[PDB]
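Colleague: experimental coordinates for this protein are included below, preceded by the sequence.
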Amino acid sequence: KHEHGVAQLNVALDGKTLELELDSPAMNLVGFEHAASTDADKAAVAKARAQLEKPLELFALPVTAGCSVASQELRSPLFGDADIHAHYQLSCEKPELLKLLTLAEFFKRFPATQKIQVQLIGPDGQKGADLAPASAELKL
Ligand SMILES: [Zn+2]
Ligand SMILES: [Zn+2]
């Protein structure tokens, strides 16, 4: 599932919990897939890393919701000691306030991404949705 500028995002609101799994070809986030030797390359990777380390900002989860990070995983060689995987588990005090999900912010911060294919699974059932910077909201 590897198309440059296209990323998959699986969501799952289960009571308090919210699980976001983002699989993306590395081209969208760092701007290449050759492991980083240069300094321009190493700063582009650390820029991405510290943006992905702040998932309440990227996914623009409302403050009103009481959202805190329980666990976060960035599977890629580029962030150890080519695709990128980014798994967040969140715990929202007031999950009822999570009415809507804005990738608008994600697009601003990784403008290399033109389309995000979204599999949401609520307690309502299962809903697909393609998101572009134009049309980047999803009724949760
Ligand atoms: Zn590629
Ligand atoms: Zn994972």
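Modeller: Perfect, thanks for sending it. Numbers count the residues shown, from 1 in each chain. Ligands and ions are numbered 1, 2, ... in the order given.

Colleague: mind listing the strands for this structure?
Modeller: Using DSSP state E, the strands of the chain run over residues 6-14, 17-25, 67-75, 83-92, 100-102, 115-121, 126-131, 137-139.

Colleague: and the first one, anywhere near ligand 2?
Modeller: No: using CB under 5 Å from the ion as the criterion, no contacts between strand 6-14 and ligand 2 are found, and the smallest distance is 9.8 Å. (Each C-beta comes from the backbone N, C-alpha and C, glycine too.)

Colleague: number the residues from 58 up from this point.
Modeller: Happy to do that; since the first residue is 58 now, the last one works out to strand 63-71.

Colleague: ok so, going back, dump the strands of the chain to CSV, plus mean neighbour count.
Modeller: Below are these laid out as CSV (neighbours: other CB atoms under 10 Å):
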stretch, mean neighbour count
strand 63-71, 18
strand 74-82, 19
strand 124-132, 13
strand 140-149, 18
strand 157-159, 16
strand 172-178, 17
strand 183-188, 13
strand 194-196, 13
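
Colleague: with distance to residue 102 added, can I get those strands in a markdown table?
Modeller: Output for these, formatted as a markdown table (distance: least, CB to CB, whole Å):
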| stretch | distance to residue 102 |
| --- | --- |
| strand 63-71 | 17 |
| strand 74-82 | 14 |
| strand 124-132 | 11 |
| strand 140-149 | 10 |
| strand 157-159 | 25 |
| strand 172-178 | 21 |
| strand 183-188 | 25 |
| strand 194-196 | 29 |
